[PDB]
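Engineer: part one of the complex, untouched from its place in the assembly:
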Amino acid sequence: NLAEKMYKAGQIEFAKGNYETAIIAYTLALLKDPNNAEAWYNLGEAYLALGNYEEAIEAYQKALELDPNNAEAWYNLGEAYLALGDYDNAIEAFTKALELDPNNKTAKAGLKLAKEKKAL
Amino acid sequence: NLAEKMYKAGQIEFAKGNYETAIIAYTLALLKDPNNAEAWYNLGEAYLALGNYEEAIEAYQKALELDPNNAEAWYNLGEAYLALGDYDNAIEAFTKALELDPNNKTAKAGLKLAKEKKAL
Amino acid sequence: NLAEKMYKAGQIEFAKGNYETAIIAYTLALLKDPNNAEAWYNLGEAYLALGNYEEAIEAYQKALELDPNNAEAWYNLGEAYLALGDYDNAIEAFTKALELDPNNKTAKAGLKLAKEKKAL
Amino acid sequence: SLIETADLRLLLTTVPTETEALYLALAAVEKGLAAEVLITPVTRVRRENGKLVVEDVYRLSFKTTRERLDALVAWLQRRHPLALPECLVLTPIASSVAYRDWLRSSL
Amino acid sequence: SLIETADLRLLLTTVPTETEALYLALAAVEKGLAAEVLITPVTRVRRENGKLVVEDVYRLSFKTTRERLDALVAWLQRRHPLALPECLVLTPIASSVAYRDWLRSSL
Amino acid sequence: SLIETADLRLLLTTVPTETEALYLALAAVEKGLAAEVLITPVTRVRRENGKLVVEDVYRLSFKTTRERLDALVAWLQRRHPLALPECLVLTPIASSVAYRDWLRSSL
Amino acid sequence: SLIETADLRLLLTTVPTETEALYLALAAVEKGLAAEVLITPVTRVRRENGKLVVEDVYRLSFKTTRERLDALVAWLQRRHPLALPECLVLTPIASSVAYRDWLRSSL
Amino acid sequence: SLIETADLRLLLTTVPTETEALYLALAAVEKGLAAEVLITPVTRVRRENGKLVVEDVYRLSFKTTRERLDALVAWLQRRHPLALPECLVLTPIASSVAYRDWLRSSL
């Protein structure tokens, strides 16, 4: 009941760009239900938008832990790994993402960047 | 102790018009005490102000459930029912409100609007 | 894990000056861990900044209760006691603060103000 | 004494029946959205759906601060029974300082 | 949503009898000179030819674009039954974008 | 022809009964304080002493030059039966040159 | 039809290889940061670390609303591979109303 | 010598194939609508009908006087093969007096 109320509050907040308030809402929500894959992922984009990377990563493997079938989550994790300079795990993330969704020129391209950047 | 601290924080927030933050504060407060009629009602005005109606309604019957003696709550519920196009329950709400407080030209008038609008 | 996430969110909020949101974050955090002296103290500066004094005081003796070794907390409590007109407890607070940290011309001075103001 | 003012706007709106007129005014004033509301009986002749129509309507005049203006107008447009709410704002250039203090206190 | 506007003027005019009031409004609207016209019953007390006079009159309020304003005012002054036509214009500072598009389409 | 004007203000005021309305208008016009005065029947709903009240009132509209404005407003506020006089001024941006000359002559 | 516009800025930027060019453009467009992106092959000759250098680069042109401008530029500068990101903004004075509505809808 | 200028606008437009690019440029120049036209090979990546698309396009840059601007833009929009014509205008702040005289003579 109330958990999805605060969840919708969280997305309507995220639409407004006030990231920290959405962070607070998502923490409060996961206090109710620590087992919402959608909430975990949405907190993931929130962390990514604000830019602090490590907790974004941790939320990402958490989200993949309770739900491994999100190609977009894989792609976002790969972008984060690129941002950190971690290239290998980015490679596996993009490979798995394109396995889940091949017709994403974004995923193919990002694999290409990883190959080129690891090359140098 | 702390519950009324966050409660006062909630009203001082509501005075500032930043509705979503007050929503978050009220959710946090009801996590402490789910049995505060005043907190339920205040969250009700918050929902009404932001405009999302259904959860405002649910908070309203919750508030009337733990405290049925709030004529102003009855009137606000009736205004919400008017906003939704639900006219009958608005009629009973206004009747009960005027029973609790007759000398409210607002309640008599709103009963009149309900009669006229149901007529058409 | 998450508690220090919301804690860091709290300080980054306090840096922005939006005091009430930091208040909410700190309440949520202490709901997780009511035993964080740093969180108690930081909520103390938050209350002091917003200006409502009594709950600032209560948070201060709470913080000194779980950690009595914060001279800066003693000094802030003394400033609050000055703000309230409570002069004696301010005197003991400044004495204990200078005992913990003597080389603080602020503490010596504030003791001087307390002496002068109690004199009149 | 008269002083120059710039935080006052005059919201103009009309509705068919004096009932919902007084209801909207009452709802605005009771929750402090609009502390000053007026009603007048007027006749409206409009070109509706390509045809001219004669009707008697009731005009609303709302004066409030520019800070409260956005909330009031949003509440109107979401709550205005017509899906195409009326929104016309006029600003008086000056007023007595007595109203400045009073309306600041009452708004 | 509300947007700032500057192409709206409010023409104020009064006539003795509601007949010629509605006639002028009707003529203006039918040929598209004025797409928005209102009528009100009012009482006028004036100093006529050195003497004060009490009479009941009917006030006209006309809102139109500044581009059509000159044609409308010229048509009025040549057509106004009194040789000294009434000409008072007021500009609202803002309105809903919905009226901006609609009145642009309807004017 | 229409010309831009800046010396016109519209004073808005209301009183309970049409008697004192016409009296104030008459006193202003006879001594030349206000050469143009109008009266309308209106209904006022106000929050009085913490309570909402419904009443029928009568609105006054006064247009005069900015030079005579101060004297008129002072005479009102000292003479207004309510100790908290109504003072709202609106300036039209333009008018016919005919009124410019006439009102300059008549004010 | 053409209308005057003021909420459009043209962001100019260059990168060495067309790969990361299309990657940055793709990332911006997919998340709605930049709905309009262009790429061109260009040759850059610069004075690097006190020495002149010849290289072939790829220029990026970004047009977006001024409201989304700050977020996009911040995302660039934190994400731009060079620690000294390129930031050049040009505003067109006017455009068709069709793009005004479309880009408002698409941005 | 360089002089400040204000009657120059830069029209930006793109088309799929260089054929119709040169055709539009040729038609504009031959009838004097646009005396200065340029073409460049560009790659366009757009979100079409909800999907991202990669294509190679050709960009047009048109500089003309503000007086001839309206005719040229109208001719474009009625003649632009896409029903949603491209309209982006940029004004240079100054130029040599030699171009001022020449373009005035040639436009």
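Structural biologist: Great, that's in hand. Numbers count the residues shown, from 1 in each chain, chains lettered A, B, ... in the order given.

Engineer: Those residues of chain A touching chain E, which are they?
Structural biologist: Proximity of chain A to chain E, by CB under 8 Å from any CB of the partner chain, involves no residues. The way it works is simple: take the backbone N, C-alpha and C, and place the C-beta from them, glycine included.

Engineer: For chain A, just list every one of the strands.
Structural biologist: Assigned by DSSP state E, chain A shows no strands.

Engineer: Now do the helices in it.
Structural biologist: Secondary structure of chain A (DSSP state H): helices at A:2-16, A:19-32, A:37-50, A:53-66, A:71-84, A:88-100, A:105-119.

Engineer: Next: chain D.
Structural biologist: Remark: helices assigned in chain D by DSSP H are D:18-30, D:66-79, D:97-106.

Engineer: can you put the ones you listed in JSON lines and add distance to residue C:52 and mean neighbour count?
Structural biologist: Putting the helices of chain D into JSON lines (distance: least, CB to CB, whole Å; neighbours: other CB atoms under 10 Å in any protein chain shown) gives the following:
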{"stretch": "helix D:18-30", "distance to residue C:52": "29", "mean neighbour count": "19"}
{"stretch": "helix D:66-79", "distance to residue C:52": "24", "mean neighbour count": "16"}
{"stretch": "helix D:97-106", "distance to residue C:52": "23", "mean neighbour count": "14"}
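
Engineer: between those helices, which one is nearest to residue G:8?
Structural biologist: Each of the helices of chain D has some distance to residue G:8 by CB to CB; the shortest is helix D:66-79, at 25.5 Å.

Engineer: what angle do the closest one and helix D:18-30 make?
Structural biologist: Per axes from the mean of the first three to the mean of the last three CA atoms, to 10 degrees, the angle that helix D:66-79 makes with helix D:18-30 is 140 degrees.

Engineer: same for helix D:66-79, what does it pack against?
Structural biologist: On a contact count with 3 or more CB pairs under 8 Å, 6 or more residues apart in numbering or on different chains; DSSP states H and E, helix D:66-79 meets strand D:8-15, helix D:18-30.

Engineer: gap between it and the chain center?
Structural biologist: 10 Å (CA atoms, centre = their mean, to the nearest Å).

Engineer: quick one: contacts of that helix?
Structural biologist: B:17, B:51, B:83, D:7-9, D:11, D:13, D:24, D:28, D:33-34, D:62, D:64, D:85, D:87, D:89, D:107, E:1-2, E:96 (CB atoms under 8 Å, 6 or more residues apart in numbering or on different chains).

Engineer: Among the residues you listed, which ones lie close to chain F?
Structural biologist: Restricting the contacts of helix D:66-79 to those near chain F - CB under 8 Å from any CB - leaves none.

Engineer: Report the buried members of the residues you listed.
Structural biologist: Among the contacts of helix D:66-79, those classed as buried by neighbour count (16 or more other CB atoms under 10 Å in any protein chain shown) are B:83, D:8-9, D:11, D:13, D:24, D:28, D:33-34, D:62, D:64, D:85, D:87, D:89, D:107, E:2, E:96.

Engineer: Also put chain I in, sequence below:
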Amino acid sequence: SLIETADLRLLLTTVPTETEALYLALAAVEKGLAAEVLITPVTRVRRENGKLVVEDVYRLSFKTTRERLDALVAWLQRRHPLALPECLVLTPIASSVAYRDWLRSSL
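Structural biologist: If we add chain I to the chains shown above, we get the following:
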């Protein structure tokens, strides 16, 4: 961070062959007249001596401070191989403070 700027101008010029393009750019940069220069391959179709002509040209883009602008433009016009030098200047409204400091240091 992005800051508003007003001392940047974009000089647009074209030459037939990429040789003299890079020569002019090199001469400007080596003596500090222009610290930022770009080259692009373009096709020019012009009405020459009453006849239309197709040719492939190379466009130059020069950004420099307004103080150095006059010296650079004079050096160009006396040194431009065509007796009718190209002079088009565009000013960006804002840029990163990092470029403000760097270009101030490098120009």
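
Engineer: Name the residue of chain A with the shortest distance to chain E.
Structural biologist: Residue of chain A nearest chain E, by CB to the nearest CB: residue A:16 (16.0 Å).

Engineer: now swap in chain D and tell me
Structural biologist: The nearest approach of chain D to chain E comes at residue D:87, 3.9 Å away (CB to the nearest CB).

Engineer: For that residue, which non-adjacent residue is spatially closest?
Structural biologist: residue E:96 (3.9 Å; CB to CB, 6 or more residues apart in numbering or on different chains).

Engineer: before we move on, what about residue A:44?
Structural biologist: For residue A:44, the closest residue by CB to CB, 6+ apart turns out to be residue A:59, at 4.5 Å.

Engineer: How many residues are close by that neighbour?
Structural biologist: If you count neighbours by other CB atoms under 10 Å in any protein chain shown, residue A:59 ends up with 25.

Engineer: so who does it touch?
Structural biologist: A:40-41, A:43-44, A:47.

Engineer: Which positions in chain D make contact with chain F?
Structural biologist: Residues of chain D lying near chain F (CB under 8 Å from any CB): D:1-2, D:22, D:25-26, D:29-30, D:35-40, D:90, D:92-96, D:98-99, D:102, D:106.

Engineer: could you redo the last one with a cut-off of 10 Å?
Structural biologist: Contacts of chain D with chain F, taken as CB under 10 Å from any CB of the partner chain, map to D:1-5, D:8, D:10, D:18, D:21-22, D:25-26, D:29-30, D:32, D:35-41, D:58, D:61, D:63, D:90-100, D:102, D:106.

Engineer: Chain B contacts on chain A?
Structural biologist: Residues of chain A lying near chain B by CB under 10 Å from any CB: A:1-6, A:8-10, A:12-13, A:16, A:18, A:21-22, A:24-25, A:28-29, A:31-32.

Engineer: and the gap between the residue positioned nearest the centre of chain D and residue E:12?
Structural biologist: The centre of chain D sits closest to residue D:62, judged by CA atoms, centre = their mean, with a distance of 2.8 Å. Distance of residue D:62 to residue E:12, computed by CB to CB, to the nearest Å: 20 Å.

Engineer: does chain H sit close to stretch A:97-109?
Structural biologist: Yes: using CB under 10 Å from any CB, stretch A:97-109 reaches chain H at A:104-106.

Engineer: Show me which of these is closest to chain H.
Structural biologist: For those, the nearest to chain H is residue A:105 (7.3 Å; CB to the nearest CB).

Engineer: Skip the chain neighbours and tell me the closest residue to that closest one.
Structural biologist: residue H:52 (7.3 Å).

Engineer: now the contacts of residue A:59 in JSON lines, with neighbour count?
Structural biologist: Supplementary listing: those in JSON lines, determined by neighbours: other CB atoms under 10 Å in any protein chain shown:
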{"residue": "A:40", "neighbour count": "24"}
{"residue": "A:41", "neighbour count": "21"}
{"residue": "A:43", "neighbour count": "27"}
{"residue": "A:44", "neighbour count": "26"}
{"residue": "A:47", "neighbour count": "23"}
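
Engineer: next one is chain J, place it on the structure:
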Amino acid sequence: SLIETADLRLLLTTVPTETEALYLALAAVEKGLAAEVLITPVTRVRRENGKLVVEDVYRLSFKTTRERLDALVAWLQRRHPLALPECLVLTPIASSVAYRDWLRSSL
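Structural biologist: So, slotting chain J in with the rest:
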């Protein structure tokens, strides 16, 4: 070098005894409310409660950024021992860039 500045205000205030003077200055500086504070011994002669009085007081001069100004003034007025706090602000028109950077860093 000297540059024009607009974010500096000079807060003027006096207190009876140099103790609370230095205390207020110390409290402001330690928490970063005011990074620049000065004290002077002065003699104040005032008309108190209808009577003239001679006293020796101590004047405070506070310079801070306009962004921090509101917080500092609010902290003063709630904390100023007199219920009628002193509030006088003066803005210098220019200063050295060295102070601009330093005070921006230190405030």
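
Engineer: What packs on helix D:66-79 again please, this time with chain J.
Structural biologist: helix B:71-84, strand D:8-15, helix D:18-30, strand D:51-65, strand D:88-90, strand E:2-4, strand E:94-96 (3 or more CB pairs under 10 Å, 6 or more residues apart in numbering or on different chains; DSSP states H and E).

Engineer: Grab the nearest non-local neighbour of the residue nearest to the centre of chain D.
Structural biologist: Closest residue in space to residue D:62, ignoring its immediate chain neighbours: residue D:11 at 3.5 Å, by CB to CB, 6+ apart.

Engineer: Okay, and the beta partners of the one you found?
Structural biologist: Beta bridges link residue D:11 to residue D:62, residue D:89, judged by DSSP bridges.

Engineer: Distance check, it against residue E:10.
Structural biologist: Separation of residue D:11 from residue E:10 (CB to CB) stands at 14 Å.

Engineer: now do residue A:2
Structural biologist: Counting by CB to CB - residue A:2 and residue E:10 are separated by 50 Å.

Engineer: who has more neighbours, those two?
Structural biologist: For residue A:2 versus residue E:10, neighbours defined as other CB under 10 Å are more numerous around residue E:10 (19 against 15).

Engineer: Surely the more buried one and residue D:88 touch.
Structural biologist: Yes: in terms of CB atoms under 10 Å, residue E:10 counts as a neighbour of residue D:88; the distance is 8.9 Å.

Engineer: Quickly note the distance from residue D:52 to residue E:27.
Structural biologist: Taking CB to CB, one finds residue D:52 at 12 Å from residue E:27.

Engineer: Determine the number of other residues adjacent to residue 35.
Structural biologist: By default, I'm working from chain A. 9.

Engineer: You answered for a different chain; I wanted chain D.
Structural biologist: 19.

Engineer: ok, residue D:37 - contacts?
Structural biologist: Contact analysis of residue D:37 by CB atoms under 10 Å, 6 or more residues apart in numbering or on different chains lists D:11, D:21-22, D:24-29, D:60-64, F:44-46.

Engineer: and the closest residue to it other than its chain neighbours, what does it touch?
Structural biologist: Sequence neighbours aside, residue D:25 is the residue nearest to residue D:37 in space, at 3.9 Å (criterion: CB to CB, 6+ apart). The contact partners of residue D:25, taken as CB under 10 Å, 6+ apart, are D:13, D:15, D:34, D:36-39, D:60-62, F:45.

Engineer: what about the residue lying closest to residue A:11 once chain neighbours are set aside, how many neighbours?
Structural biologist: Counting by CB to CB, 6+ apart, residue A:11 lies nearest to residue A:42, which is 6.8 Å off, once chain neighbours are set aside. The number of residues packed near residue A:42 is 21, by other CB under 10 Å.

Engineer: who's in contact with residue A:42?
Structural biologist: By CB under 10 Å, 6+ apart, the contact set of residue A:42 is A:7, A:10-11, A:14, A:22, A:25-26, A:29, A:36, A:59, A:63.

Engineer: Mind checking which of those residues are buried?
Structural biologist: Burial by neighbour count, judged by 16+ other CB under 10 Å, picks out A:7, A:10, A:14, A:22, A:25-26, A:29, A:36, A:59, A:63 from these.
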